[PDB]
Structure formats: structure tokens, C-alpha cells
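**Student:** Okay, handing you the structure first.
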Amino acid sequence: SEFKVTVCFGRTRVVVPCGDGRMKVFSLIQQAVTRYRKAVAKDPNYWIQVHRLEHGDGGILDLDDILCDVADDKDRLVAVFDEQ
Amino acid sequence: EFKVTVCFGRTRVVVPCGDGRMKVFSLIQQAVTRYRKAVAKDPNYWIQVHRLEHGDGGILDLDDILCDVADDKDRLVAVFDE
């Protein structure tokens with residue numbers, strides 16, 4: 001479809017297609033990770049743990065909330081996460 | 001009639017996409033080719049494009065549909081080596 005967002009892992013930023021927009025925050029989160037994984041490389045025992053997604057505010061998005069209800073098309077969103 | 005501009009440094013090239021249903025990697029093939037022509041650097045000259053960004057720095061994944069990840073007439077920056 002049309003609906004899309006960018007997600008900041010640290011300084012690296014990743015565009016995720018959300019077709020609908022009707023996807024739950026937790027679905028989004030995984031989708032963001034997959035792409036980030038691809039963008040960043042590549043260590044044999046790598047791992048990433050996402051704690052939460054936010055607005056630039058620090059406004060915290062509930063995991064079970066529909067995306068288009070909690071954000072707008074083409075919003076920048078930050079991930080609070082760990083990795084390596 | 002979907003289309004995008006790709007930025008190779010300061011040179012901007014316009015690529016047609018049909019409907020925009022082509023992958024982000026297809027785009028890159030299209031853009032390299034066109035950019036080669038527009039500056040015609042060398043018979044030997046080699047080029048590698050690492051990633052495609054939006055203005056913000058928003059990476060576009062290679063296996064994603066273009067019209068899904070970008071908008072008609074968007075301006076995109078190529079991150080590349082030459």
C-alpha cells in the first residue's frame with residue numbers, strides 16, 4: 001500500500017513499509033529489526049533486544065496498539081534497544 | 001508513470017519505474033547505468049553502491065517494493081564508492 005515509517009536504531013535509520021497501517025506495534029518492532037539486521041552486519045553471535053519504540057518526544061508506543069492510531073504516515077520513531 | 005531522482009554526489013539522475021513495483025535493488029541497477037552515461041567517467045571506472053537513502057538518512061531495504069518504501073517523484077541519495 002502506502003503506509004510507511006522510519007525507525008531509528010541509534011543513528012542508523014530504517015524505512016519500514018506497513019502497507020495497511022493497521023499492524024500492531026509489536027509486529028512493527030520485528031519488521032524494523034529484520035531490516036536493521038540487514039543494514040548493519042554481520043557478526044556470528046549477534047543479537048538485538050528491543051525494549052520499546054517511541055516518538056521523538058519519548059512518547060511511548062504500547063505494544064498492542066494499532067500503528068496508524070498511535071502514529072502518522074512517515075513518522076520518525078526511535079527504538080530503545082540492546083545488541084551485539 | 002512512477003519515477004524518482006537518485007543522488008550520486010552532486011549529480012542527480014532521473015529514473016523511470018513503470019508503476020514503482022520494482023525492488024529497491026532494481027532501482028539501483030537502473031540508476032548506476034544512467035549515472036554512468038551522465039558523467040561517462042572511464043572505460044575502466046568501477047562502481048559500488050552500498051545503500052539507498054532518503055533525505056533523513058532512512059535506509060531503503062533492497063528487497064522491498066519501491067512504491068512501498070518511497071513516493072512518486074521522491075529524491076534519493078545513493079551511498080556509493082568510485
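So you can find residues: chains in the C-alpha cells are A, B, ... in the order shown, residues in each start at 1, and ligands are numbered from 1 in order.
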For chain B against chain A, which residues fall within 12 Å using only C-alpha atoms, given as a PDB file with N, CA, C and O atoms, in the first residue's frame?
**Tutor:**
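Output (result.pdb):
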```
ATOM      1  N   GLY B  20       6.371   1.475 -10.088  1.00  0.00           N
ATOM      2  CA  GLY B  20       7.048   1.523  -8.789  1.00  0.00           C
ATOM      3  C   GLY B  20       7.045   0.215  -8.012  1.00  0.00           C
ATOM      4  O   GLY B  20       7.399   0.189  -6.833  1.00  0.00           O
ATOM      5  N   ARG B  21       6.665  -0.866  -8.695  1.00  0.00           N
ATOM      6  CA  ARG B  21       6.528  -2.197  -8.106  1.00  0.00           C
ATOM      7  C   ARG B  21       7.826  -3.005  -8.223  1.00  0.00           C
ATOM      8  O   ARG B  21       7.917  -4.138  -7.761  1.00  0.00           O
ATOM      9  N   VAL B  24      14.003  -2.436  -4.623  1.00  0.00           N
ATOM     10  CA  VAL B  24      14.978  -1.377  -4.355  1.00  0.00           C
ATOM     11  C   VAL B  24      16.307  -1.749  -5.055  1.00  0.00           C
ATOM     12  O   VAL B  24      17.010  -0.896  -5.574  1.00  0.00           O
ATOM     13  N   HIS B  50      26.431   1.053  -1.887  1.00  0.00           N
ATOM     14  CA  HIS B  50      26.172   0.283  -0.675  1.00  0.00           C
ATOM     15  C   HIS B  50      24.733   0.338  -0.289  1.00  0.00           C
ATOM     16  O   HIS B  50      24.085  -0.700  -0.173  1.00  0.00           O
ATOM     17  N   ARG B  51      24.186   1.541  -0.170  1.00  0.00           N
ATOM     18  CA  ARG B  51      22.791   1.669   0.196  1.00  0.00           C
ATOM     19  C   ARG B  51      22.132   2.863  -0.461  1.00  0.00           C
ATOM     20  O   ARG B  51      22.814   3.811  -0.905  1.00  0.00           O
ATOM     21  N   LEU B  52      20.798   2.806  -0.490  1.00  0.00           N
ATOM     22  CA  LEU B  52      19.970   3.914  -0.939  1.00  0.00           C
ATOM     23  C   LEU B  52      19.225   4.613   0.221  1.00  0.00           C
ATOM     24  O   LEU B  52      18.483   3.971   0.947  1.00  0.00           O
ATOM     25  N   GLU B  53      19.432   5.917   0.403  1.00  0.00           N
ATOM     26  CA  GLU B  53      18.762   6.657   1.480  1.00  0.00           C
ATOM     27  C   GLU B  53      17.730   7.695   0.993  1.00  0.00           C
ATOM     28  O   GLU B  53      17.706   8.100  -0.205  1.00  0.00           O
ATOM     29  N   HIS B  54      16.862   8.093   1.932  1.00  0.00           N
ATOM     30  CA  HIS B  54      16.030   9.268   1.772  1.00  0.00           C
ATOM     31  C   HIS B  54      16.864  10.386   2.315  1.00  0.00           C
ATOM     32  O   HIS B  54      17.971  10.147   2.825  1.00  0.00           O
ATOM     33  N   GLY B  55      16.340  11.606   2.203  1.00  0.00           N
ATOM     34  CA  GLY B  55      16.887  12.794   2.838  1.00  0.00           C
ATOM     35  C   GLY B  55      17.265  12.603   4.295  1.00  0.00           C
ATOM     36  O   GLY B  55      18.399  12.933   4.664  1.00  0.00           O
ATOM     37  N   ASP B  56      16.357  12.059   5.130  1.00  0.00           N
ATOM     38  CA  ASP B  56      16.648  11.916   6.566  1.00  0.00           C
ATOM     39  C   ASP B  56      17.818  11.034   6.835  1.00  0.00           C
ATOM     40  O   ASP B  56      18.494  11.201   7.840  1.00  0.00           O
ATOM     41  N   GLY B  57      18.032  10.070   5.957  1.00  0.00           N
ATOM     42  CA  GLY B  57      19.047   9.048   6.167  1.00  0.00           C
ATOM     43  C   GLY B  57      18.368   7.701   6.289  1.00  0.00           C
ATOM     44  O   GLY B  57      18.988   6.727   6.690  1.00  0.00           O
ATOM     45  N   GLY B  58      17.084   7.659   5.926  1.00  0.00           N
ATOM     46  CA  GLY B  58      16.258   6.476   6.079  1.00  0.00           C
ATOM     47  C   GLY B  58      16.564   5.446   5.030  1.00  0.00           C
ATOM     48  O   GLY B  58      16.148   5.595   3.884  1.00  0.00           O
ATOM     49  N   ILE B  59      17.288   4.402   5.442  1.00  0.00           N
ATOM     50  CA  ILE B  59      17.646   3.271   4.584  1.00  0.00           C
ATOM     51  C   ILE B  59      16.409   2.628   3.987  1.00  0.00           C
ATOM     52  O   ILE B  59      15.388   2.466   4.664  1.00  0.00           O
ATOM     53  N   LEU B  60      16.541   2.243   2.722  1.00  0.00           N
ATOM     54  CA  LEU B  60      15.519   1.540   1.967  1.00  0.00           C
ATOM     55  C   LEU B  60      16.034   0.111   1.776  1.00  0.00           C
ATOM     56  O   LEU B  60      17.058  -0.108   1.142  1.00  0.00           O
ATOM     57  N   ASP B  61      15.348  -0.878   2.317  1.00  0.00           N
ATOM     58  CA  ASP B  61      15.791  -2.268   2.095  1.00  0.00           C
ATOM     59  C   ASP B  61      15.713  -2.829   0.656  1.00  0.00           C
ATOM     60  O   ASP B  61      14.682  -2.756   0.002  1.00  0.00           O
ATOM     61  N   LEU B  62      16.788  -3.469   0.221  1.00  0.00           N
ATOM     62  CA  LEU B  62      16.916  -3.895  -1.160  1.00  0.00           C
ATOM     63  C   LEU B  62      15.793  -4.772  -1.688  1.00  0.00           C
ATOM     64  O   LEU B  62      15.505  -4.755  -2.892  1.00  0.00           O
ATOM     65  N   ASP B  63      15.161  -5.541  -0.818  1.00  0.00           N
ATOM     66  CA  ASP B  63      14.151  -6.477  -1.315  1.00  0.00           C
ATOM     67  C   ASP B  63      12.721  -5.964  -1.200  1.00  0.00           C
ATOM     68  O   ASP B  63      11.772  -6.685  -1.516  1.00  0.00           O
ATOM     69  N   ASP B  64      12.592  -4.707  -0.768  1.00  0.00           N
ATOM     70  CA  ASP B  64      11.311  -4.035  -0.617  1.00  0.00           C
ATOM     71  C   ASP B  64      10.895  -3.440  -1.937  1.00  0.00           C
ATOM     72  O   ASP B  64      11.746  -3.006  -2.711  1.00  0.00           O
ATOM     73  N   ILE B  65       9.582  -3.445  -2.179  1.00  0.00           N
ATOM     74  CA  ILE B  65       8.937  -2.803  -3.343  1.00  0.00           C
ATOM     75  C   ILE B  65       9.184  -1.301  -3.223  1.00  0.00           C
ATOM     76  O   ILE B  65       9.138  -0.738  -2.115  1.00  0.00           O
ATOM     77  N   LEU B  66       9.448  -0.644  -4.347  1.00  0.00           N
ATOM     78  CA  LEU B  66       9.835   0.745  -4.280  1.00  0.00           C
ATOM     79  C   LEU B  66       8.650   1.621  -3.831  1.00  0.00           C
ATOM     80  O   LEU B  66       8.729   2.287  -2.799  1.00  0.00           O
ATOM     81  N   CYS B  67       7.550   1.588  -4.576  1.00  0.00           N
ATOM     82  CA  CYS B  67       6.368   2.394  -4.246  1.00  0.00           C
ATOM     83  C   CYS B  67       5.870   2.164  -2.815  1.00  0.00           C
ATOM     84  O   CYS B  67       5.020   2.923  -2.326  1.00  0.00           O
ATOM     85  N   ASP B  68       6.383   1.115  -2.164  1.00  0.00           N
ATOM     86  CA  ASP B  68       6.047   0.826  -0.772  1.00  0.00           C
ATOM     87  C   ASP B  68       6.888   1.571   0.266  1.00  0.00           C
ATOM     88  O   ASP B  68       6.510   1.681   1.426  1.00  0.00           O
ATOM     89  N   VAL B  69       8.032   2.065  -0.181  1.00  0.00           N
ATOM     90  CA  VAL B  69       9.121   2.451   0.680  1.00  0.00           C
ATOM     91  C   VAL B  69       9.508   3.882   0.287  1.00  0.00           C
ATOM     92  O   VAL B  69      10.226   4.578   1.021  1.00  0.00           O
ATOM     93  N   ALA B  70       8.988   4.332  -0.853  1.00  0.00           N
ATOM     94  CA  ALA B  70       9.227   5.685  -1.311  1.00  0.00           C
ATOM     95  C   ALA B  70       8.005   6.224  -2.054  1.00  0.00           C
ATOM     96  O   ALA B  70       7.096   5.473  -2.351  1.00  0.00           O
ATOM     97  N   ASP B  71       7.979   7.523  -2.334  1.00  0.00           N
ATOM     98  CA  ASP B  71       6.834   8.145  -3.001  1.00  0.00           C
ATOM     99  C   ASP B  71       7.237   8.564  -4.390  1.00  0.00           C
ATOM    100  O   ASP B  71       8.409   8.869  -4.645  1.00  0.00           O
ATOM    101  N   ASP B  72       6.250   8.577  -5.283  1.00  0.00           N
ATOM    102  CA  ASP B  72       6.461   9.063  -6.628  1.00  0.00           C
ATOM    103  C   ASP B  72       7.121  10.420  -6.566  1.00  0.00           C
ATOM    104  O   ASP B  72       6.781  11.246  -5.715  1.00  0.00           O
TER     105      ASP B  72
END
```
**Student:** Per DSSP on the backbone, what are the strand (DSSP E or B) residues of segment 3-36 of chain A, as a list in words?
**Tutor:** residues 4, 5, 6, 7, 8, 9, 12, 13, 14, 15, 16, 17 and 24 of chain A
**Student:** For the residues selected in the previous step, produce a file with N, CA and C atoms as a short mmCIF file (atom, residue, chain, number, x, y, z; two decimals), in the first residue's frame.
**Tutor:**
```
data_model
loop_
_atom_site.label_atom_id
_atom_site.label_comp_id
_atom_site.auth_asym_id
_atom_site.auth_seq_id
_atom_site.Cartn_x
_atom_site.Cartn_y
_atom_site.Cartn_z
N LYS A 4 3.95 3.91 5.65
CA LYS A 4 5.37 3.61 5.96
C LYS A 4 5.88 4.46 7.12
N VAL A 5 6.90 3.95 7.82
CA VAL A 5 7.58 4.69 8.90
C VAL A 5 9.10 4.54 8.88
N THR A 6 9.79 5.49 9.47
CA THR A 6 11.19 5.26 9.67
C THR A 6 11.43 4.99 11.15
N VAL A 7 12.36 4.06 11.42
CA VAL A 7 12.74 3.69 12.77
C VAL A 7 14.23 3.87 12.98
N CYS A 8 14.59 4.74 13.92
CA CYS A 8 15.98 4.94 14.38
C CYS A 8 16.48 3.89 15.36
N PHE A 9 17.40 3.03 14.94
CA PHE A 9 18.23 2.30 15.89
C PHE A 9 19.54 3.09 16.05
N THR A 12 21.47 4.97 12.98
CA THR A 12 21.06 4.26 11.77
C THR A 12 19.54 4.22 11.70
N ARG A 13 18.99 4.53 10.54
CA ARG A 13 17.56 4.76 10.42
C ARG A 13 16.97 3.88 9.33
N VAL A 14 15.81 3.31 9.59
CA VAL A 14 15.35 2.27 8.69
C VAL A 14 13.89 2.40 8.26
N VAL A 15 13.68 2.43 6.94
CA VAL A 15 12.33 2.59 6.39
C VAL A 15 11.65 1.25 6.30
N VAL A 16 10.49 1.20 6.95
CA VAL A 16 9.64 0.02 7.02
C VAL A 16 8.32 0.35 6.40
N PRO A 17 7.92 -0.47 5.41
CA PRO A 17 6.60 -0.47 4.76
C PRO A 17 5.58 -1.12 5.68
N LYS A 24 -0.13 -3.97 14.46
CA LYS A 24 0.23 -3.71 15.87
C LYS A 24 1.70 -3.32 16.14
#
```
**Student:** Could you name the residues that touch residue 28 of chain B at 12 Å or less, counting only C-alpha atoms, but leaving out those on the same chain fewer than 3 positions away, as JSON, numbers by chain?
**Tutor:** {"B": [4, 5, 6, 7, 8, 13, 14, 15, 16, 17, 22, 23, 24, 25, 31, 32, 33, 34, 35, 47, 48, 49, 50, 51, 52, 53, 60, 61, 62, 63, 66, 76, 77, 78, 79, 80]}
**Student:** In Å, rounded to a single decimal, give me how far atom CA of residue 25 of chain A is from atom CA of residue 61 of chain A.
**Tutor:** 7.1 Å
**Student:** Just want the 8 Å neighbourhood of residue 23 of chain A, counted on only C-alpha atoms, with same-chain residues fewer than 3 positions away dropped. Output as a PyMOL selection string.
**Tutor:** chain A and resi 18+20+27-28+66-68
**Student:** So that I can check the surroundings of residue 49 of chain A, please list as a PyMOL selection string every protein, DNA and RNA residue that reaches within 8 Å of it, counting only C-alpha atoms and ignoring chain neighbours fewer than 5 positions away.
**Tutor:** chain A and resi 81-83
**Student:** Using DSSP on the backbone coordinates, identify the residues of chain A assigned to alpha helix (DSSP H); present them as a ChimeraX atom specification.
**Tutor:** /A:25-40,67-70
